[PDB]
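All heavy atoms count here, side chains included; hydrogens, waters and symmetry mates do not. In what follows, chains carry the letters A, B, and so on, assigned in the order in which the sequence lines appear, proteins first and then strands, with residues in each chain numbered from 1.
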Amino acid sequence: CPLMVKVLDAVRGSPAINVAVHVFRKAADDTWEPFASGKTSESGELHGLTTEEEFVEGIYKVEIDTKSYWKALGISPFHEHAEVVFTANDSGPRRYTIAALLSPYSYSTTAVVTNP
Amino acid sequence: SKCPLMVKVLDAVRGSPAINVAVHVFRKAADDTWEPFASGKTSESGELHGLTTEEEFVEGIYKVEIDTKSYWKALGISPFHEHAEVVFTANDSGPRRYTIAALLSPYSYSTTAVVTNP
Amino acid sequence: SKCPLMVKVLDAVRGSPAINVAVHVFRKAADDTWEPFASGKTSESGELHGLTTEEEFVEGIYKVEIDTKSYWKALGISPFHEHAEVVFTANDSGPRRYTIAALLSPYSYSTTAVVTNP
Amino acid sequence: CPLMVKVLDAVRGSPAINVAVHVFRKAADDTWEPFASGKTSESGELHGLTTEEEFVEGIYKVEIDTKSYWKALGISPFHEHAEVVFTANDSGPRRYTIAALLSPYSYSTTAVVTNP
Ligand SMILES: O=C(O)Cc1cc(I)c(Oc2cc(I)c(O)c(I)c2)c(I)c1
Ligand SMILES: O=C(O)Cc1cc(I)c(Oc2cc(I)c(O)c(I)c2)c(I)c1
């Protein structure tokens with residue numbers, strides 16, 4: 001698994017469950033092309049998004065649908081979603097973990113990159 | 001200050017405001033595309049004021065894009081993100097003033113919104 | 001403002017400054033214990049100014065304690081932390097002004113320091 | 001494992017390795033009593049700090065020696081250490097994960113609490 005996502009809830013102190021995540025890749029014509037999608041599990045993690053074979057060099061955008069997550073909890077959040085845009089594998093294949101901590105009016109994201 | 005929208009950027013590596021950071025603001029148009037709205041560069045205090053006025057700032061979806069990549073390269077540091085973006089809906093129902101704050105690190109960034117009405 | 005030390009607290013759940021938050025500042029004494037130095041409550045803008053002066057603020061180790069627990073209980077929310085603490089060394093070598101900022105959530109808090117000299 | 005710690009480095013985008021962690025418990029006389037200590041591993045995690053049997057109700061302090069971590073990297077950090085103080089198991093036994101993201105002039109910490 002070359003691309004994984006981990007989301008946590010800072011209001012409840014638990015993993016953010018069933019959060020929709022859409023992954024896009026910058027196409028040749030400079031437009032966002034659908035690449036993969038999923039929902040986080042019980043532990044707030046999302047795996048199996050792609051393979052080393054399909055995860056080629058490029059600029060990717062990871063969109064986390066925070067808005068839907070909060071509303072389903074009766075909270076009216078500030079952000080429409082959280083976006084993480086980055087260039088991947090431009091110096092050979094690597095493994096990426098995109099982590100996100102969510103709050104109604106705030107979120108922070110970090111990336112952990114390891115060489116296989 | 002009657003500025004409806006403000007931006008504040010900080011540097012978590014050097015513990016100082018993030019200066020000369022390019023900031024571009026966009027608004028969602030009917031045809032579902034992003035059209036330029038305002039832009040500028042953070043000052044010596046890492047702030048960016050006077051991006052718009054109450055009259056022009058109507059309800060709708062806005063995107064605030066911060067060129068963090070160029071900020072880090074200028075310091076000789078390899079960043080992870082292409083840029084940082086904050087997408088939100090501005091409603092007159094809620095308070096009046098919007099402050100978008102961002103704390104930057106090479107592989108991480110956090111952002112918060114302060115919505116207060118005077 | 002010549003205030004050498006400033007504190008800013010924000011609420012990430014309601015997107016507003018954290019008001020009436022108790023803040024206690026301590027300094028490390030020779031016998032390795034913490035002795036009261038200054039204290040106060042954040043204002044309507046979540047800020048706390050005039051905690052000390054240049055004369056009294058000498059080099060040494062300081063601890064800034066924020067009573068976050070009472071803040072959350074007042075909102076009817078069960079917090080995780082007893083309080084938030086920021087322990088740092090103040091040196092004349094480095095810049096002059098210190099701003100300690102904290103973003104609060106029930107199960108999480110982040111803090112950053114802005115050190116700038118005018 | 002009822003108490004685990006996870007630390008990440010936001011400057012290098014990797015787990016924070018060999019970070020010293022000391023855990024204290026508030027004693028009857030209102031003083032901090034040593035409870036456990038360790039260093040994070042290759043993955044930036046610290047496990048095996050205590051057992052469900054020894055981890056009784058009380059106020060605990062988790063101290064992460066960030067200062068030493070940064071200096072060993074040639075960086076002069078702002079904080080002496082990072083402190084997480086909390087009341088644990090006051091409503092029955094729970095599992096705690098204390099997570100921390102570190103930067104030279106900043107750090108954020110969150111807690112994940114799950115019921116066994
Ligand atoms: O997230 C962290 O790790 C710590 C942190 C704390 C605060 I509080 C922040 O927000 C502001 C907002 C205003 I308005 C300020 O003037 C200042 I100084 C900081 C940010 I971004 C980041
Ligand atoms: O930002 C804060 O206030 C605190 C914080 C600390 C960490 I470290 C985080 O990242 C991870 C990454 C992995 I992989 C985990 O398994 C877990 I648990 C948390 C997040 I999001 C938020």
Side-chain angles (χ1 to χ4, degrees), chain A residues 101 106 108-110, chain B residues 8-21 42 44-47 66 68 71-72 74-77 79-81 84 101-112, chain C residues 4-10 25 57 59-66 84-104 108-118, chain D residues 7-14 16 19 63-84 100-110:
Chain A
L101 176 69
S106 175
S108 60
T109 186
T110 195
Chain B
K8 174 81 170 195
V9 188
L10 300 180
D11 182 327
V13 175
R14 298 183 308 161
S16 57
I19 302 179
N20 298 313
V21 179
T42 60
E44 274 184 350
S45 60
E47 305 181 66
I66 304 172
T68 56
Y71 176 70
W72 292 116
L75 298 178
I77 295 165
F80 172 85
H81 307 94
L103 177 67
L104 317 178
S105 281
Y107 281 69
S108 171
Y109 77 80
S110 60
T111 180
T112 186
Chain C
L5 182 60
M6 301 164 69
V7 179
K8 174 81 170 195
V9 188
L10 300 180
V25 183
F57 198 52
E59 288 187 299
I61 296 179
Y62 294 80
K63 172 167 75 175
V64 172
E65 180 180 295
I66 304 172
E85 300 186 303
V86 182
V87 186
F88 64 97
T89 297
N91 304 292
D92 285 306
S93 311
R96 316 303 182 301
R97 308 255 172 61
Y98 294 84
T99 295
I100 302 299
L103 177 67
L104 317 178
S108 171
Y109 77 80
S110 60
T111 180
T112 186
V114 182
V115 190
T116 65
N117 66 334
Chain D
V7 191
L8 296 181
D9 181 324
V11 179
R12 306 192 308 172
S14 68
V19 172
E63 203 177 84
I64 300 165
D65 300 309
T66 58
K67 185 80 172 300
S68 296
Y69 175 71
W70 289 119
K71 289 169 96 173
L73 273 44
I75 292 176
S76 178
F78 181 80
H79 307 92
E80 286 296 302
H81 57 248
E83 273 188 289
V84 182
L101 176 69
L102 315 177
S103 184
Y105 280 69
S106 175
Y107 67 83
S108 60
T109 186
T110 195

Task: Sidechain-backbone polar pair: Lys8(B) side chain, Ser45(B) backbone, donor-acceptor under 3.5 Å - done: yes
Task: Within 6.0 Å of CD in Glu59(C), more than 12 heavy atoms from elsewhere - done: yes
Open item on the list: Any non-hydrogen side-chain atom of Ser108(A) less than 4.5 Å from a side-chain atom of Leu101(A)?
Closed with: yes
- [ ] Decide yes or no for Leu8(D) and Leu102(D): does some side-chain heavy atom of the first lie under 4.5 Å from some side-chain heavy atom of the second?
- [x] no
Task: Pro77(D) side chain near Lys71(D) side chain, heavy-atom distance below 4.5 Å - done: yes
Open item on the list: Has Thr42(B) got a side-chain atom pairing as donor or acceptor with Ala18(B)'s backbone, closer than 3.5 angstrom?
Closed with: yes
Open item on the list: Walk me through whether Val11(D) and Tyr107(B) qualify under side chain to side chain contact (heavy atoms under 4.5 Å, CB included).
Closed with: CA-CA 6 Å; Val11(D) 179; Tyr107(B) 281 69; over 6 Å; no
Task: Non-hydrogen side-chain atoms of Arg97(C) and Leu5(C) separated by less than 4.5 Å - done: no
Open item on the list: Would you say that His79(D) contacts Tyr107(D) through its side chain, given a criterion of any heavy-atom pair below 4.5 Å between the two side chains?
Closed with: yes
Open item on the list: Checking the side chain of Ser105(B) only, and the main-chain atoms of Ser103(D) only, is there a donor and an acceptor separated by less than 3.5 Å?
Closed with: no
Open item on the list: Contact between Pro17(B) and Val9(B) at the side-chain level, heavy atoms closer than 4.5 Å - yes or no?
Closed with: no
Task: Residue pair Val21(B) / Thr68(B), side-chain heavy-atom distance below 4.5 Å - done: no
Open item on the list: For a quick test of reading the model, state the closest non-hydrogen atom pair linking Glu44(B) to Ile19(B) and the distance between them.
Closed with: O-CD1, 3.2 Å
Task: Where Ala90(C) and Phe57(C) come nearest, the two heavy atoms and their spacing - done: CB-CZ, 3.8 Å
Task: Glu65(C) backbone acceptor or donor facing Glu85(C) side chain under 3.5 Å - done: no
Task: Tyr98(C)-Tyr62(C) aromatic ring centre distance below 6.0 Å - done: no
Open item on the list: Please check this pair: side chain of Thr99(C) against backbone of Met6(C), looking for a donor-acceptor N/O pair closer than 3.5 Å.
Closed with: no
Open item on the list: Within the structure provided, determine whether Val86(C) and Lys63(C) are in side-chain contact (heavy-atom separation under 4.5 Å).
Closed with: no
Open item on the list: Working note: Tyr69(D) + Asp9(D), criterion side-chain hydrogen bond (donor to acceptor under 3.5 Å, both in side chains); need CA distance, chi angles, decisive distance, verdict.
Closed with: CA-CA 10 Å; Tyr69(D) 175 71; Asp9(D) 181 324; 2.6 Å; yes
Open item on the list: Working to the nearest 0.5 angstrom, can you tell me the gap between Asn91(C) CG and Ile61(C) CD1?
Closed with: 9.5 Å
- [ ] Could you tell me whether a side-chain N or O of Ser106(D) sits under 3.5 Å from a main-chain N or O of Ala12(B), the two making a donor and an acceptor?
- [x] no
- [ ] Determine, step by step, whether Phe88(C) and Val64(C) satisfy the side chain to side chain contact (heavy atoms under 4.5 Å, CB included) criterion, reporting the C-alpha distance in whole Å, the side-chain angles of both residues, the deciding distance to 0.1 Å, and the verdict.
- [x] CA-CA 9 Å; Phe88(C) 64 97; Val64(C) 172; 3.9 Å; yes
